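**Q** my sequence and its experimental structure, below.
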Amino acid sequence: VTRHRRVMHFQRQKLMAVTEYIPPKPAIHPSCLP
Amino acid sequence: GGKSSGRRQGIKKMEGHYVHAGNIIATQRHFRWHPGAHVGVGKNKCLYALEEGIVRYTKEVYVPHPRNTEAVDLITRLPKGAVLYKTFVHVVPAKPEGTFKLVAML
Amino acid sequence: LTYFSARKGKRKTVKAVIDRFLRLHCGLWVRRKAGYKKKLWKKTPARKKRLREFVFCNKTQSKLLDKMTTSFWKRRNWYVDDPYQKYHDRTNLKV
Amino acid sequence: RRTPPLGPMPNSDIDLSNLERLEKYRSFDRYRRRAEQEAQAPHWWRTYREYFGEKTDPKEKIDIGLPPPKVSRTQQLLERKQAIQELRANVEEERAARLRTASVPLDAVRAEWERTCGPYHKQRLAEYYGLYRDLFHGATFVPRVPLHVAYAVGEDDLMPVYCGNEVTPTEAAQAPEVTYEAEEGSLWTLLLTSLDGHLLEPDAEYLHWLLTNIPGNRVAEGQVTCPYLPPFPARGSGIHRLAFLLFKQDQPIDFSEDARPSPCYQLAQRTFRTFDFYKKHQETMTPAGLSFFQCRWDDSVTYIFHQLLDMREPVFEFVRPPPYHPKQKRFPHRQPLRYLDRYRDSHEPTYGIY
Amino acid sequence: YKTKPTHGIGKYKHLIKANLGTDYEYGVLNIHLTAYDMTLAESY
Amino acid sequence: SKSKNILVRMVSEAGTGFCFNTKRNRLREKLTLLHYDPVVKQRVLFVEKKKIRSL
Amino acid sequence: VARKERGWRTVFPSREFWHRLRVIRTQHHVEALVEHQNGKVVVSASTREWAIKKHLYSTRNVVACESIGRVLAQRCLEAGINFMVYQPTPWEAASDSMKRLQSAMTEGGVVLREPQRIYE
Amino acid sequence: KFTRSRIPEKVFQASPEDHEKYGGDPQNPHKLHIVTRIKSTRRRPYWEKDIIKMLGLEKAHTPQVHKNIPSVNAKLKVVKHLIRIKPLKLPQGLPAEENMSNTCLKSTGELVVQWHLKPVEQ
RNA sequence: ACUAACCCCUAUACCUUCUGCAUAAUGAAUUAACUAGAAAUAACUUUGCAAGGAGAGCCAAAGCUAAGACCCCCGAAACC
RNA sequence: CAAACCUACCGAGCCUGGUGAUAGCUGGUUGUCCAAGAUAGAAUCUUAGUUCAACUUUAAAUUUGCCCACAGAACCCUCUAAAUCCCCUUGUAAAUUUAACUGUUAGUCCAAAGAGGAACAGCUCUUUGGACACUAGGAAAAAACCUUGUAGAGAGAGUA
RNA sequence: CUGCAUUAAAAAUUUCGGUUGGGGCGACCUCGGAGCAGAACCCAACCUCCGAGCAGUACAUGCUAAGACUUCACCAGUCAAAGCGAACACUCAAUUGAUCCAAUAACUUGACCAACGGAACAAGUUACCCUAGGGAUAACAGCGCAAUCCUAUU
Ligand SMILES: [Mg+2]
Ligand SMILES: [Mg+2]
Ligand SMILES: [Mg+2]
């Protein structure tokens, strides 16, 4: 609990980068589908 | 001030521990544990085993002595059907008192 | 402690330990309890009882007293009707 | 970290929203009544009875007794309710009750108990004494027929045996008197065994008396399968219990296999076990009543051992385990001078090589 | 113990408690029984 | 830290010479107690003789 | 010589006995029960039994207490039990009926003080 | 404060989706384990160092066989982040005394009892 | 290392003091010579003898005798 | 009366002797090779030291030692915390006792939980773990971050 | 003149306990309870405080003796079956002080030694100062931090 963004540990930083959300991607952009 | 150190009070022998007569089971500032079967208590509420055997911890019904007015007042105000429970420690004797053996042939 | 005296060139003995401790030939040392004659009125009978026995010393204190005492006091004595005669030897001692 | 309980909480049923509305114990006795009614109830946690209380097998105890007698409850209740109505009617009886001066005849009420609750109390008491666990290897029996035995001593005095009382071997030197109710056409078997009298095999036991095929109450004409032998409890061996067993025979039974020579002064021959004896007989055997008493050593036991058995009397002693001491250390710190005496074996002085 | 499932079995003060009337019931009511006979006054 | 009590010596009246110490109030008469005497193996009267100190 | 169940100094009643006498006083009947420490009951004398009912006026009076007291005294005498223990509450110990019940033990030959265990 | 980890029991339940993905048979569990340390014991708590010591995993990339029993499994779960666990396959069965010197643990996880160092004629 | 001295690549002097010195903390221009771990109470190892050992004395309830093996240098302001 | 001067350093001259004065302080402490080897505390005119204890070393005797399945360790008080103690199996080879002493306990940084009149950081101080004062590789240079240890030669290879 | 006493005078020897940036003025040093330290034990400050340096009731508050616990050492402190002997291991968180020595026929007693593990008894000032050291420790300067402050935007 700090006011200077509390700089993150490298190991914790890699954990967040790996566990980032990935939206599902359609095969065809619905916008170009009949 | 307040630079006092710990009193080193707690459980000395855990459940299922083999003990001898006179071994201290636990020491406490208040009656956290209550003596059960073949367990004695001193003035300082220290718990020791009068017999030699296996230490056991169980939960039993608390029935205070009638001369204990403070506790007698407590259980009189309880709702009907309420039963107080407290943790009790007992030791289970292992060896028998003795044996009968031949000593003479007269 | 005088390791080498100026008149004989030999180790001396601290007389302080002689007046306070008793050594058994087995190597054990026997002492009293501090304050066993001080303020007896403010002590419980159980405390006073355990204050007036003769107790042994541990390994470090025994080594401490041996170094401060010459070999004269470590000999075997044969005093007549000595009260501590039976305690000079250990019986049934394993390791 | 928390773990949900494996069962209902002791005080979960009580509502706490209307705790002041709920009535209180208001007395010590009412809480105590609830205390030990709830104490005997089973629980899913560790209890005192789990470690200390004796454990019984899940199988129900097998009963080998006679079928219970059948009575008319309504008629019995009507007679009982009218009996006390007239009893309460008398002013003299009521005067004694209010004055706390009334008395009851102890002899008369005991006789009534022997017919009403006698068999049940005797069975309950016999279970406590361990008769059912040692012999029969675990069973239950109700002594429906009462049995009275009194030992003849002197010229007028008697030594009755009801249950678990104390009778000296001197008073049991001679054959006792057996009195019990029966009718014609009934065959009876009498057996006496010493539960704790065995000197060699702890599991086995010693037979002391055996009467078979008793015509009614006439015990004189019964067949003497084994001669009567007075008990011989060894001095210092504790206190022994001797049980009188009464059997009812539906048909005549041959006892040649279990017959013993007269006199039977051999301990090996006198050895007998009720188990495998009732087992081989239960097809035509059923018990009728039991009675037992406790026996100690006296001067007469010396006569029995030396003359009747032609042997030396054994003397036993109760020996306690030696006291426990911790392992002796080279440097016992802060221990009294008497510490070395605990591990000393002899108090005499020693001099080694000198 | 807290971790064990039998935690809190010794809790006892939760069964023990730690005028304006309502809209259906009355707040406080007092009755007065005067009499020249003390025995009758207390008996009632 | 006013000293309100005093330590006094109790001497047996049996003549054995046995003594023991007990605390007493300053504003009080001399105490004649009944105490066990190890010499005579029985309880006998003890009377106060001297004042030891003030506590 | 049998060891007694020592302890339980913080609860009532204590358990340092071999045989205990328990007397139960209900609304209609009074039950006198004698049992061992381990739980097994040896002998009982309750007013419910028809044997003593024919001779007693009521089952909830001092006369009833004397009736079962002598009955229990004769039952204990013929069962071989001579020594026992009684641990009543202060009010029941002060009840007049109980004291006369103790008198039944004295005249019956029953002693309510168990002998001390010989440790050595 | 940094202390030991109590791994939830829910992690070790083989759902049917994992069964055909890894090829394991719940009805016929594998008899033995292959354990291989692939991470340094340094910069790790001391209690994990002792567990690695007990299982004989000192030198990295050195296969070791262990019994698939709850006691061994309990120890393995502590250091599951430092080792690789594979089942043991015996296509030729348990080796006999005659071929005890002819065994060879191939990299795919089976112990073939016939090692000839000769090209397959097929 | 190289055919090749250099050119290529790699590499933050020594001692001491501190958690941590390439440290811009001390010491050293260089050479030669001189310059700093002294003791056997107990214990350990190895012989001799053995309920005795020791070349008066001393120790001994397997001990006694003998041997081996552990304890530094320079520097004050002062006092008489 | 400037605390001046008394043979070119007088708050008490100089020389010799006691004297190899003492110094818990500074500096120093000489041939080769191998092995074991680090951070609980208490007392102290004591925190620049010393003693006990802990840790560490050597030799000897003995048998259990670490890990840990259930069961078990409080109530008034639900930060209902992470977790500890105890502990059969199993994996393993250590552990306890006896004898003999030296040396260290003026530490640093990181991750986490905290404390310092109800201070987001910073400063100081506790607790758990790791690293450093022991090798190498990688983050630009890098004591404390990541990878990795048991030791040599090779102009081999697979990886972190 | 000598010896022994009492007053002065002039002198002799020795010392300046620690903690609180410094000084002034003050505060603290020993013991116990809660908070940190949430669940075996333990765990620190400049820590937040609150208290303690007694009293009461006994007069078997007698004598022996297994087995145990501990304020992280020692010293010290605590519980206790059983037996003897009596009746029919007191309350209270702390409520305290070692050795030597003194008194005492003896049993016993003697401390605000509170700097509370206590030296039998010793204060100030030095800018006239000296020695051995310390950036483990101040001022000068450097570096960390921006508590605050300034500016610039919403
Ligand atoms: Mg504290
Ligand atoms: Mg010098
Ligand atoms: Mg090494």
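**A** Sure thing, it's come through. Numbering: from 1, shown residues only, chains lettered A, B, ... in the order given. Ligands and ions are numbered 1, 2, ... in the order given.

**Q** secondary structure class for residue D:246?
**A** Here residue D:246 is strand, with the state taken from DSSP: H, G, I helix; E, B strand; the rest coil.

**Q** who's in contact with it?
**A** D:143, D:145, D:147, D:178, D:180, D:188-190, D:287-291 (CB atoms under 8 Å, 6 or more residues apart in numbering or on different chains). Any C-beta I mention is one placed from the backbone N, CA and C, and that applies to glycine too.

**Q** and what of residue E:44?
**A** E:33, E:35.

**Q** residue 26 is in what secondary structure piece?
**A** Just going to use chain A. Assigned by DSSP states H and E, residue A:26 falls within no helix or strand.

**Q** my bad, the chain I had in mind was chain C
**A** Going by DSSP H and E, residue C:26 is not in any helix or strand.

**Q** without its sequence neighbours, what residue ends up closest to it?
**A** Spatial nearest neighbour of residue C:26, chain neighbours left out: residue C:90 (5.2 Å); criterion: CB to CB, 6 or more residues apart in numbering or on different chains.

**Q** roughly how far apart are that neighbour and residue C:77?
**A** Residue C:90 sits at a distance of 17 Å from residue C:77 (criterion: CB to CB, to the nearest Å).

**Q** count of residues packed around residue D:124?
**A** Neighbour count of residue D:124, defined by other CB atoms under 10 Å in any protein chain shown: 16.

**Q** mind checking how far the strand or helix carrying it is from the chain centre?
**A** Taking DSSP H and E as the criterion, residue D:124 maps to helix D:118-129. Taking CA atoms, centre = their mean, to the nearest Å, the mean C-alpha location of helix D:118-129 is offset from the chain mean by 7 Å.

**Q** give me the helices and strands touching it, please.
**A** Packing contacts for helix D:118-129, counted by 3 or more CB pairs under 8 Å, 6 or more residues apart in numbering or on different chains; DSSP states H and E, involve strand D:285-295, strand G:41-46.

**Q** turn the ones you listed into CSV, including mean neighbour count and distance to chain C.
**A** Formatted as CSV, the helices and strands packed on helix D:118-129 follow (neighbours: other CB atoms under 10 Å in any protein chain shown; distance: least, CB to the nearest CB, whole Å):
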stretch, mean neighbour count, distance to chain C
strand D:285-295, 22, 44
strand G:41-46, 21, 42
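
**Q** next one: stretch D:190-203, is it in contact with chain G?
**A** No - using CB under 8 Å from any CB of the partner chain, stretch D:190-203 never reaches chain G; the gap is at least 14.4 Å.

**Q** need the distance between the two termini of that stretch.
**A** The straight-line separation of the ends of stretch D:190-203 (CA to CA, to the nearest Å) is 22 Å.

**Q** can you check stretch D:94-114 too?
**A** Terminal residues of stretch D:94-114 lie 28 Å apart, using CA to CA.

**Q** how about it and chain G, touching?
**A** Yes - among the residues of stretch D:94-114, D:94, D:96-97, D:100-106, D:108-110, D:112-113 lie within reach of chain G under CB under 8 Å from any CB.

**Q** contact residues of chain D facing RNA strand K?
**A** Contact residues (CB under 7 Å from any atom of the strand) of chain D with RNA strand K: D:1, D:323, D:324, D:325, D:326, D:333, D:334, D:336, D:338, D:339, D:341, D:342.

**Q** can I get those residues in a markdown table including distance to residue D:169 and secondary structure?
**A** Putting the residues of chain D next to RNA strand K into a markdown table (distance: CB to CB, whole Å; DSSP: H, G, I helix; E, B strand; the rest coil) gives the following:
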| residue | distance to residue D:169 | secondary structure |
| --- | --- | --- |
| D:1 | 67 | coil |
| D:323 | 36 | coil |
| D:324 | 39 | coil |
| D:325 | 42 | coil |
| D:326 | 47 | coil |
| D:333 | 58 | coil |
| D:334 | 57 | coil |
| D:336 | 51 | strand |
| D:338 | 47 | coil |
| D:339 | 49 | helix |
| D:341 | 45 | helix |
| D:342 | 44 | helix |
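
**Q** biggest separation within these, which pair?
**A** In the residues of chain D next to RNA strand K, two members sit farther apart than any others by CB to CB. They are D:1 and D:341, at 52.2 Å.

**Q** more neighbours: which of these two?
**A** Shown here are residue D:1 and residue D:341; by other CB under 10 Å, residue D:341 has more neighbours (12 against 5).

**Q** list the contacts of the more buried one.
**A** Going by CB under 8 Å, 6+ apart, residue D:341 touches residue C:86.

**Q** ok, now residue B:50?
**A** Residue B:50 touches B:21, B:22, B:38, B:39, B:40, B:91, G:6, G:7, counting by CB under 8 Å, 6+ apart.

**Q** just flag the most distant two among these.
**A** Farthest pair in the contacts of residue B:50 (CB to CB) is B:22 and G:7. Separation: 14.0 Å.

**Q** looking at those two, which is more packed in?
**A** In this view residue B:22 and residue G:7 are compared by other CB under 10 Å, and residue G:7 has more residues nearby, 26 against 11.

**Q** shouldn't that one be in contact with residue B:48?
**A** No - taking CB atoms under 8 Å as the definition, residue G:7 is not a contact partner of residue B:48, at 10.4 Å.

**Q** and for those two, which residues touch both?
**A** Common contact partners of residue G:7 and residue B:48 (CB under 8 Å, 6+ apart): B:39, B:40.

**Q** how about the helices in chain C?
**A** Per DSSP state H, chain C carries helices over the ranges C:15-18, C:45-50, C:59-67.

**Q** alpha carbons of the shortest one, in PDB - could you do that?
**A** Just to be clear, that refers to helix C:15-18. Only the C-alpha atoms of helix C:15-18 are listed here, as PDB (Å, rounded to 0.1, in the frame of the first residue of the first chain):
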ATOM      1  CA  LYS C  15      40.600 -20.700  48.200                       C
ATOM      2  CA  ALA C  16      37.300 -19.100  47.400                       C
ATOM      3  CA  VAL C  17      36.000 -22.300  45.800                       C
ATOM      4  CA  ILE C  18      37.300 -24.400  48.700                       C
END
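
**Q** need the residues that contact stretch H:108-122.
**A** H:34, H:86-93, H:95-96, H:99, H:102-106.

**Q** then stretch D:84-95?
**A** D:102, G:53, G:54, G:57.

**Q** can you list the buried residues in that stretch?
**A** Residues of stretch D:84-95 classed as buried: D:87, D:93 (neighbour count, 16 or more other CB atoms under 10 Å in any protein chain shown).

**Q** can you check stretch F:4-13 too?
**A** Under the neighbour-count criterion of 16+ other CB under 10 Å, stretch F:4-13 has F:8, F:10, F:11, F:12 buried.

**Q** what would the helices and strands packed on helix D:118-129 look like in JSON lines with distance to residue C:28?
**A** Output for those, formatted as JSON lines (distance: least, CB to CB, whole Å):
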{"stretch": "strand D:285-295", "distance to residue C:28": "55"}
{"stretch": "strand G:41-46", "distance to residue C:28": "57"}
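
**Q** which residue comes closest to residue B:22 once chain neighbours are left out?
**A** Once flanking residues are discounted, residue B:22 sits nearest to residue B:48: 6.1 Å by CB to CB, 6+ apart.

**Q** the one you found: what's it in contact with?
**A** Residue B:48 sits next to B:22, B:23, B:24, B:25, B:39, B:40, B:41, B:42 when contact means CB under 8 Å, 6+ apart.

**Q** just the helices in chain B please.
**A** Under DSSP H, chain B gives helices at B:69-76.
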